[PDB]
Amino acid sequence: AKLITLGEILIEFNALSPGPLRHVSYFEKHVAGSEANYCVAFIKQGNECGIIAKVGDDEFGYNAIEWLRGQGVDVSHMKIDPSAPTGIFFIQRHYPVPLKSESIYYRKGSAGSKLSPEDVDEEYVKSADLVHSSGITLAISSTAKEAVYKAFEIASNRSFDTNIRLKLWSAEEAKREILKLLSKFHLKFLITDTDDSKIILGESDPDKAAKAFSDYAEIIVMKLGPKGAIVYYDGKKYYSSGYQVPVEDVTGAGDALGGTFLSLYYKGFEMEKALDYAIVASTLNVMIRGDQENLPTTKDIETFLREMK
């Protein structure tokens, strides 16, 4: 299968030590951004992927292209805006909450945020089995939001990560926009969590929220963080629990869940097995800085699973 994703790629500056940023002296660079992550997770399971995105005529942008290309992502459909810098973020790890991570953005008016419909090729999208985006991409700009609308009307199959970031728009904003998005545009996949449901429908509880989402999506994945995840499908529910593992950095783990789950689905795996394998991509992510350098491979996941009894 072919997955196409659209959204803003980001250069990440990962705090080399935990604690408040004002006391961190070193930052380690990684290529990230949810949709970029989804891509790599997807390819790593044996499939094919592209990204529609804009980066700057800057080292950071050219860094994003080389990195993705190496990973094997089709990038020929990306754009280089010369009037805008690539958007970047900084991760503060384990402070003020242990085990947790916080992102500090420099992306307003980024080249990523200038992703517009004119960048979305009609013939190209029409070739993907799956067109995927997220609440981040809705949030960043109205050009980008329209971009997601264009690629969704063209689509045939759609997947969405609600992926609400309150630093990017009010609970309020996020609610109507996601709700709006789901009026038109029925979804093949819908990836979310307890929190986004608390926003979108004010409904903290998993199976409830899932029943409220399921007129708009065939499959729902509840990310549950440390405790794992739940897949809802065919009027059935399967919970797949967590593993206990050193936590270096939580950022990227949601994507590792999603990208991997989508890809193994398209490799034929029964839903229980797909979520299960993806839970291991998630567990592996948690234990390094970098959203993408720990993403495993169907062989790697299997290894992980065999030696865990």
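Note that residue numbering follows the sequence shown and begins at 1.
Just going by the entry, 300-308 versus 3-11 on mean CA temperature factor gives the higher value to 300-308. The stretch with the higher mean CA B factor, choosing between 30-38 and 237-245, is 237-245.
When the C-alpha B-factors of 73, 174, 136, 111 are read from the PDB record, the largest value belongs to 174. In this entry, the residue among 132, 180, 94, 107 with the greatest C-alpha B factor is 180. When all modelled residues of the chain are sorted by CA temperature factor, residue 259 is found within the lowest third. Annotation for residue 155: C-alpha temperature factor in the highest third relative to the rest of the modelled chain, per the entry.
In this PDB entry, residue 66 carries a Cα temperature factor that places it within the lowest third of its chain's modelled residues.
Sort the chain's modelled residues by C-alpha temperature factor and residue 271 lands in the highest third, per the entry. When the modelled residues of the chain are ordered by their C-alpha B factor, residue 189 lands in the middle third.
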